[PDB]
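Presented as structure tokens, the chain that follows is alone, the form deposited in one PDB entry.
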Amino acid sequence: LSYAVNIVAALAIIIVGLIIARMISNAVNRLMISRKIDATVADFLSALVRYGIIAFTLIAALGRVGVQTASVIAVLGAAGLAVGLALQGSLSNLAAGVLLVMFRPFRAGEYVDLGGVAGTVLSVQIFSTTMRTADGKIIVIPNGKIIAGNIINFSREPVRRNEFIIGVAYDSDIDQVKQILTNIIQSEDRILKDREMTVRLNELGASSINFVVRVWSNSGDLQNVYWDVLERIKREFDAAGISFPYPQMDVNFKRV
């Protein structure tokens, strides 16, 4: 009767608002992904302008039922903070996923350590990056946790350093051990000779002397250099009388 004759006009204005929403959203999506910025930020601005002009046609619509503008924008601001505080941690991930592609602390296919978990990065999606670990698991890390912590890129510099700690007995000859561990890493072929090769006495432990051996090698064959120097240490120390010691004790008897 007296009410519905404006409700039909409100439905017409809201359906042409939906039409112009799809039109302007797809227009700015077609323009921005080709002109300047990105395929990800432009979709965010497309959704922003889409749900912005939806809000504009809602404010224009709800005046036709008598509801004033200062009340419509109050209810829309309440609903806007409702959906905005729903999407706080859902949009911090998007804003971080922009920075992870714009600045690239890691590329796809690069062994990283994103705060405890270490693996090859498969892809950086919109909200969360997928990495595959060393043992075949798939770890999906949200972008708000990557950008708010350290990113230990294991595979961006070509040379990396091993660190063997060889515990020998206290009665061994330090010159003989420092000569044997030198003659191992002087004949190893993948250990870089133009960098810092150290075989020096690291510490005097509880039951063993700890020598430290730190050698540099290319990041592809780091683990093979570790496994081939350690096995050769185990071979050349038994053939030379050096004894890896057990956890020694010094028991004093009191046969009461």
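All residue numbers refer to positions in the sequence shown, first residue = 1. Basically, rigid core = biggest C-alpha set you can superpose within 1.5 Å across the two forms. Residues that one form lacks are left out of the comparison.
Not on display, but discussed next: the form deposited in another entry.
Superpose on the rigid core, then report which one of 55, 222, 191, 209 has a CA displacement of at least 2 angstroms between the shown form and the other one. Between the two forms, the residue that moves is 55.
Comparing between the shown form and the other one on the rigid core, is the C-alpha shift at residue 200 2 Å or larger? No, the C-alpha position differs by under 2 Å between the shown form and the other one.
Does the distance between the two CA positions of residue 72 reach 2 Å or more between the shown form and the other one, the core being superposed? Result for residue 72: yes, a 2 Å-plus shift.
Return yes or no for residue 12: a CA shift of at least 2 Å between the shown form and the other one, with the rigid core superposed? Yes, the C-alpha position differs by at least 2 Å between the shown form and the other one.
Relative to what we see here, could you say if residue 31 and residue 128 have their Cα atoms closer or farther apart in that other deposited form, with a change of 3 Å or more? Compared with the form shown here, the C-alpha atoms of residue 31 and residue 128 sit closer together in that other deposited form, by 3 Å or more.
Just say closer or farther for the C-alpha distance from residue 52 to residue 96 in that other deposited form, relative to the shown form; it changes by 3 Å or more. Relative to this form, farther apart in that other deposited form.
Three or more consecutive residues, each Cα shifted by 2 Å or more between the shown form and the other one after core superposition: list those runs for me in sequence order. Residues 1-80 form the sole shifted run.
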